[PDB]
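Down below is the structure, laid out as structure tokens.
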Protein chains: 2
Amino acid sequence: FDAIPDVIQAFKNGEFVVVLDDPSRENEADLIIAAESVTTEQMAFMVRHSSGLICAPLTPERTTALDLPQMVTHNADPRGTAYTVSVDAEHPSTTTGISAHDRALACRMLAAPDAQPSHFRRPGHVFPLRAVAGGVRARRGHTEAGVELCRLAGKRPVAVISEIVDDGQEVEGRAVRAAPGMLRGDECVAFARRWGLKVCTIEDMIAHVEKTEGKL
Amino acid sequence: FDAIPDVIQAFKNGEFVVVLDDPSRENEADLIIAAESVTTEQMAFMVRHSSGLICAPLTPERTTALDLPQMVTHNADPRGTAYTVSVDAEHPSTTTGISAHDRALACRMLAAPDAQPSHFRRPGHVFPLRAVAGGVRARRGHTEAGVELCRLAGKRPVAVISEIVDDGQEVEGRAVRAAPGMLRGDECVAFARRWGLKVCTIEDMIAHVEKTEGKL
Ligand SMILES: [Mg+2]
Ligand SMILES: [Mg+2]
Ligand SMILES: [Mg+2]
Ligand SMILES: [Mg+2]
């Protein structure tokens, strides 16, 4: 795995980074990138290689500023993933909200310094996620990891995340993929290397933060 | 395009069908399949070739039976896409809810004859969509088209849909895809042919239904 300072620099440079949570938690790797300048072409890559459920981790302060309430008042998710109501960008260039162009635009608009509630149509096709106030030390999730990277890299407090799936194998002429799943551990590292990305664990990210904050 | 009776037969056989809405509406093609027996391997194919925002069109009667309220009370979507709260399957085999296995399971459970509200965790990673009571003649959307195909094919009243994107081109060693977009018209037909699927338009589906119901 790469050292956290090196992951931070790549993130500050607007690159995706590959982040693995604990094997005892989801044991999944997500692509994580700063939302502020995610490009159409980057989003297309993200959609191609992930589950396609493109989420946007943001702080509680941003969910209040942008008027993004939780999708459900009584959260039945076992991890408590804090989905807000979904959004599309209110912009003349938006069409159906689902294209790489449109999803990237929604993410950049969520991160804009001048963002306001009226800039988003609800419901939509991008899923903001409310990070907990305590950050990665408090909840060891990809939501917190994305917001933490934004803070560490001096970026706007909105990230973009999605899980890296194992799409299995193509079957010529048949609408199925054999042996699909989720990418794990070493394969996630190999994926990062193939695409020129840094890769790390939330555990190491927490160790980095503890250098300044101590153990929660 | 294939004739609607032939599309119906393929759908009855548990295949995906490719359905295009009007060029004046979204001008998009979706993969549409009956939810009742969608397999893990089919779902992996669907995720690989679509936006990855896997939705499950169902009837108003099913949204009441399964206790799936609309995600937003004041819908700001320009088409009124009727998203309910999202779900994951409450089953011992579910892990994080996002894998092809887990998403396919949620879809099959939504379609089960014995389905009940407690069978779904909210929020989650599959997005049910409430078709309007009037069907395709009333709202010419992919949501209605999926429910209409289930009715026409004698299937349970729950479909699975997602938009077919244009993932653009791979760029060796770089985390971007060039020139991405949405698949359109002839390219959608070509996609169907490559994968052994039937392809049609919502306009022809409405013409089929009008043979029995007349024009709305
Ligand atoms: Mg749409
Ligand atoms: Mg996660
Ligand atoms: Mg998760
Ligand atoms: Mg549609």
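Each chain of the structure tokens is named A, B, ... in the order shown, its residues numbered from 1; ligands are numbered from 1 in display order.
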
Requested in this report: Could you tell me, counting only C-alpha atoms and all ligand atoms, which protein and nucleic acid residues lie no more than 10 Å from ligand 1, written as number ranges by chain?
Outcome: A: 95-99, 124-125; B: 21, 25-30, 77-81, 141-143, 162-163

Create the file for the chosen residues now, containing N, CA, C and O atoms and written as an mmCIF file, in the first residue's frame.
```
data_model
loop_
_atom_site.group_PDB
_atom_site.id
_atom_site.type_symbol
_atom_site.label_atom_id
_atom_site.label_comp_id
_atom_site.auth_asym_id
_atom_site.auth_seq_id
_atom_site.Cartn_x
_atom_site.Cartn_y
_atom_site.Cartn_z
ATOM 1 N N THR A 95 -29.171 16.768 -19.299
ATOM 2 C CA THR A 95 -30.235 16.204 -20.062
ATOM 3 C C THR A 95 -30.964 15.248 -19.138
ATOM 4 O O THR A 95 -31.796 15.693 -18.334
ATOM 5 N N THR A 96 -30.642 13.951 -19.169
ATOM 6 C CA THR A 96 -31.373 12.995 -18.326
ATOM 7 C C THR A 96 -30.774 12.733 -16.969
ATOM 8 O O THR A 96 -31.370 12.008 -16.152
ATOM 9 N N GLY A 97 -29.630 13.331 -16.680
ATOM 10 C CA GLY A 97 -29.025 13.167 -15.379
ATOM 11 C C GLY A 97 -28.123 11.973 -15.205
ATOM 12 O O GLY A 97 -27.386 11.915 -14.238
ATOM 13 N N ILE A 98 -28.190 10.994 -16.106
ATOM 14 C CA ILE A 98 -27.407 9.770 -15.898
ATOM 15 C C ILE A 98 -26.059 9.692 -16.612
ATOM 16 O O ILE A 98 -25.198 8.909 -16.212
ATOM 17 N N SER A 99 -25.864 10.451 -17.676
ATOM 18 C CA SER A 99 -24.598 10.329 -18.412
ATOM 19 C C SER A 99 -23.396 10.689 -17.555
ATOM 20 O O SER A 99 -23.508 11.388 -16.554
ATOM 21 N N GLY A 124 -32.765 12.486 -8.138
ATOM 22 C CA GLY A 124 -31.900 12.474 -9.287
ATOM 23 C C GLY A 124 -31.043 11.203 -9.320
ATOM 24 O O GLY A 124 -31.419 10.155 -8.771
ATOM 25 N N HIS A 125 -29.861 11.323 -9.935
ATOM 26 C CA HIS A 125 -29.022 10.173 -10.208
ATOM 27 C C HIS A 125 -27.675 10.141 -9.536
ATOM 28 O O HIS A 125 -26.911 9.224 -9.795
ATOM 29 N N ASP B 21 -36.830 4.754 -25.863
ATOM 30 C CA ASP B 21 -37.949 5.670 -25.715
ATOM 31 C C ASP B 21 -37.920 6.638 -26.907
ATOM 32 O O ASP B 21 -37.093 6.502 -27.822
ATOM 33 N N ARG B 25 -37.933 12.395 -26.245
ATOM 34 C CA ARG B 25 -38.018 12.268 -24.787
ATOM 35 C C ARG B 25 -36.596 12.094 -24.302
ATOM 36 O O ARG B 25 -35.807 13.017 -24.471
ATOM 37 N N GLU B 26 -36.185 10.939 -23.766
ATOM 38 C CA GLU B 26 -34.778 10.814 -23.359
ATOM 39 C C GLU B 26 -33.873 10.391 -24.520
ATOM 40 O O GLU B 26 -32.641 10.586 -24.465
ATOM 41 N N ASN B 27 -34.456 9.743 -25.564
ATOM 42 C CA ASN B 27 -33.699 9.201 -26.679
ATOM 43 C C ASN B 27 -32.680 8.190 -26.147
ATOM 44 O O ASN B 27 -31.549 8.083 -26.609
ATOM 45 N N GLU B 28 -33.105 7.410 -25.163
ATOM 46 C CA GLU B 28 -32.220 6.434 -24.553
ATOM 47 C C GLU B 28 -32.805 5.038 -24.638
ATOM 48 O O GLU B 28 -34.039 4.844 -24.673
ATOM 49 N N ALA B 29 -31.862 4.077 -24.655
ATOM 50 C CA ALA B 29 -32.239 2.684 -24.611
ATOM 51 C C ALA B 29 -31.895 2.132 -23.239
ATOM 52 O O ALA B 29 -30.821 2.401 -22.704
ATOM 53 N N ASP B 30 -32.823 1.323 -22.698
ATOM 54 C CA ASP B 30 -32.543 0.642 -21.470
ATOM 55 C C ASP B 30 -32.535 -0.884 -21.705
ATOM 56 O O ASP B 30 -33.246 -1.404 -22.605
ATOM 57 N N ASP B 77 -37.976 15.982 -10.360
ATOM 58 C CA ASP B 77 -37.528 15.345 -11.598
ATOM 59 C C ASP B 77 -38.431 15.814 -12.747
ATOM 60 O O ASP B 77 -39.665 15.857 -12.648
ATOM 61 N N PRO B 78 -37.845 16.218 -13.859
ATOM 62 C CA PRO B 78 -38.656 16.736 -14.955
ATOM 63 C C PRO B 78 -39.595 15.752 -15.616
ATOM 64 O O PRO B 78 -40.567 16.155 -16.246
ATOM 65 N N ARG B 79 -39.300 14.467 -15.459
ATOM 66 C CA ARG B 79 -40.164 13.432 -16.003
ATOM 67 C C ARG B 79 -41.033 12.815 -14.904
ATOM 68 O O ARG B 79 -41.987 12.060 -15.083
ATOM 69 N N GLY B 80 -40.706 13.189 -13.702
ATOM 70 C CA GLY B 80 -41.452 12.645 -12.654
ATOM 71 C C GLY B 80 -40.994 11.211 -12.425
ATOM 72 O O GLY B 80 -41.826 10.495 -11.944
ATOM 73 N N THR B 81 -39.750 10.793 -12.706
ATOM 74 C CA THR B 81 -39.358 9.393 -12.399
ATOM 75 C C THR B 81 -39.695 9.126 -10.942
ATOM 76 O O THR B 81 -39.273 9.848 -10.036
ATOM 77 N N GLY B 141 -42.588 6.037 -20.632
ATOM 78 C CA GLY B 141 -41.286 5.865 -20.009
ATOM 79 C C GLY B 141 -40.842 4.409 -19.901
ATOM 80 O O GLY B 141 -41.632 3.473 -20.050
ATOM 81 N N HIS B 142 -39.547 4.222 -19.633
ATOM 82 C CA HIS B 142 -39.005 2.883 -19.472
ATOM 83 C C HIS B 142 -39.586 2.191 -18.244
ATOM 84 O O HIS B 142 -39.675 0.949 -18.197
ATOM 85 N N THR B 143 -39.981 2.977 -17.228
ATOM 86 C CA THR B 143 -40.597 2.407 -16.034
ATOM 87 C C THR B 143 -41.886 1.678 -16.453
ATOM 88 O O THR B 143 -42.106 0.484 -16.169
ATOM 89 N N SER B 162 -32.142 -0.392 -16.617
ATOM 90 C CA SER B 162 -31.007 0.513 -16.471
ATOM 91 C C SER B 162 -30.659 1.045 -17.853
ATOM 92 O O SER B 162 -30.860 0.336 -18.854
ATOM 93 N N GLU B 163 -30.127 2.264 -17.917
ATOM 94 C CA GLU B 163 -29.786 2.870 -19.201
ATOM 95 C C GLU B 163 -28.489 2.310 -19.799
ATOM 96 O O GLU B 163 -27.496 2.121 -19.084
#
```

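Checking A:66, A:145, A:197, A:56 one by one against chain B, counting only C-alpha atoms, you find the shortest gap at A:197.
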
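Proximity to ligand 3 was assessed for A:17, A:109, A:138, A:54 counting only C-alpha atoms and all ligand atoms; the smallest distance is recorded for A:54.
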
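Proximity of B:57, B:180, B:168, B:135 to ligand 4, computed with only C-alpha atoms and all ligand atoms, is greatest for B:57.
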
**Asked** How far is it from atom CA of residue 176 of chain B to atom CA of residue 39 of chain A, in Å with one decimal?
**Response**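 Atom CA of residue 39 of chain A lies 8.6 Å from atom CA of residue 176 of chain B.
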
A straight line from atom CA of residue 60 of chain B to atom CA of residue 130 of chain B spans 5.9 Å

task = Point out the residue among A:151, A:140, A:12, A:174 with the least atom-to-atom distance to chain B, counting only C-alpha atoms.
result =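 Closest candidate: A:174.
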
message: So that I can check the secondary structure, give me every residue of chain A assigned strand (DSSP E) by backbone DSSP, as JSON, numbers by chain.
response: {"A": [17, 18, 19, 20, 29, 30, 31, 32, 33, 34, 55, 56, 57, 58, 87, 88, 89, 120, 121, 122, 123, 124, 125, 126, 127, 128, 129, 130, 159, 160, 161, 162, 163, 165, 166, 169, 170, 177, 178, 181, 182, 198, 199, 200, 201]}

DSSP on the backbone: what in segment 141-170 of chain B comes out alpha helix (DSSP H), as a ChimeraX atom specification?
/B:142-152

#### Entry: residue 71 of chain B surroundings by only C-alpha atoms, 9 Å radius, close-in-sequence under 4 positions cut, as a ChimeraX atom specification
/A:71-72,85-86,123 /B:75,82-86

Of A:159, A:53, A:38, A:190, the one sitting nearest ligand 3 when using only C-alpha atoms and all ligand atoms is A:53

Q: Would you please work out which residue, of B:31, B:158, B:68, B:100, is nearest to chain A when using only C-alpha atoms?
A: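 Answer, going by the shortest atom-to-atom distance: B:100.
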